[PDB]
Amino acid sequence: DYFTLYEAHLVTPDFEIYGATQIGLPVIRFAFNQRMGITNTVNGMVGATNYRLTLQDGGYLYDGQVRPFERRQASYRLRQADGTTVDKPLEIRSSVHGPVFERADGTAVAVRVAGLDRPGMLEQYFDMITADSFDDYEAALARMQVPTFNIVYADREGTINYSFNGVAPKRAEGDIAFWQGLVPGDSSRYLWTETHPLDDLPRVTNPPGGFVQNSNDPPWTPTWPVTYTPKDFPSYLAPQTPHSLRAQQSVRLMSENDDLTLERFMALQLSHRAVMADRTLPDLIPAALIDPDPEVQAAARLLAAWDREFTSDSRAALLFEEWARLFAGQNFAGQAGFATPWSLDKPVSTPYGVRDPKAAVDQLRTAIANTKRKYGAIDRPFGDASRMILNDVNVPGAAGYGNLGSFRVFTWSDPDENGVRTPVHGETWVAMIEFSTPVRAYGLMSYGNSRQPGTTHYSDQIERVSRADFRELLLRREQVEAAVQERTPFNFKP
């Protein structure tokens, strides 16, 4: 509900913004205009701490002493089945850290959220997306009112920037995993009070490689060559974990290509490679062909002949996914199966290989069974099982799971009884902009621009998505006047 995006275009005498944003927000988070544009990705900025309290004598232990809770008696109303409401009491207990919650297992936890004193989130975004210059953009960003997100920026003057943005507490010790778990709630040692300014955070501007990127990876290869390393920052800002195969593809697609056109940029975004197959099939196939089971041999020959792309017509891709579920977990992020582990020294070519081929063939054996049960056969076309269905529009799917290496993402659901599955998460608003004069931009919204019952604008873009047939985005008045189908005059009197 909360995550649904909406596309819009605003024009006044003093500003212009085009793009997508979460419904209910009065500013456009994914915005561009004739001068500039930004986008966002989740960085998981650790902006809160959960403290384990030690309860003692009706208070909590803190620096050797029992300390009483701040307590207030509040209440809220709860609607009953018969349409009335009843008054329910609610105690709000609080420690120095913040408000206290009790987990089902009895753990008393106090949550401390940073940046509760930052009222200007909406205005900061607003000033960012209507900035007259990069310096103005940066001064807005530097206010620290937007508590999270990677944020990427480009403009018609030629500047690009990546910022690992958010409001991060200053701490004197502890790495990210420590501050992500339950931190001890019995000592002022772990009670932070200040937060980092913008120039303490990983950022990159106009780097020698001529691009920036982020695909939810930790911020240590935002560009290539890199301009910093993890030791340049406090160890609690971001993980030092293996980069996903999608994120590896992100770096490669940008770094290895040059003399880019908007057209080629768009084509690169559609990348749907089974990178994990590149890392595993060289060891897996010969090991599997040794197996006496003729079904495993046949499975191995089907995988070997596959071009390793998640296309609609792929007969091997479903089977490969089912193998990967076992070899790398249900999220495809597990590392224990590989022979050569991930390394930041080879960040787009590790991990690699199959550590234990014999065990992996056993995983293939099980995956064959799983595949036939889910989909009816080991060689069902990928796009016959994977469909994009909104109202009465039913179109073939392509691309897939990010952790298998697909850049363009469709997190396919578990299949229904007929083996049909649809995206639960993935491509929504997709736009590509060139900051020429005038700007040129194309985009699509997977699930349309409206969700009101009976609208003709819920399912009217998904067929175009199935063919990567992008809409030209219309910012110039004359383009808008040529395309208009409805005019709503309004007037606002405060």
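From 1 onward, residues are counted along the sequence shown.
Asker: Between 99-107 and 247-255, point out the one with the higher average CA B-factor as the PDB entry records it.
Answerer: Between 247-255 and 99-107, it is 99-107 that shows the higher mean C-alpha B-factor.
Asker: I need to verify one thing: averaged over C-alpha atoms only, is the B-factor higher for 450-458 or for 56-64?
Answerer: It is 56-64 that shows the higher mean C-alpha B-factor.
Asker: Per the entry's Cα B factor values, which of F211, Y375, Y162, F149 stands out as the maximum?
Answerer: Most elevated C-alpha B-factor of the set, per the entry: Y375.
Asker: Just the C-alpha B-factor column, please: which of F69, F435, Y442, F30 has the biggest number?
Answerer: In the PDB entry, the greatest C-alpha B-factor among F69, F435, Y442, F30 is found at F69.
Asker: Would you mind ranking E194 by its C-alpha B-factor against the rest of the chain and naming the third, lowest, middle or highest?
Answerer: Highest third.
Asker: Please say which third, lowest, middle or highest, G353 falls into when its CA temperature factor is compared across its chain.
Answerer: According to the entry, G353 has a C-alpha B-factor in the chain's middle third.
Asker: Sort the modelled residues of this chain by their C-alpha B factor and say whether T21 lands in the lowest, middle or highest third.
Answerer: Lowest third - that is where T21 ends up once the chain's C-alpha B-factors are sorted.
Asker: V275's Cα B-factor: lowest, middle or highest third of the chain?
Answerer: Lowest third - that is where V275 ends up once the chain's C-alpha B-factors are sorted.
Asker: By the recorded C-alpha temperature factor, relative to the other modelled residues in its chain, which third is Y76 in?
Answerer: Highest third of the chain for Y76's C-alpha B-factor.
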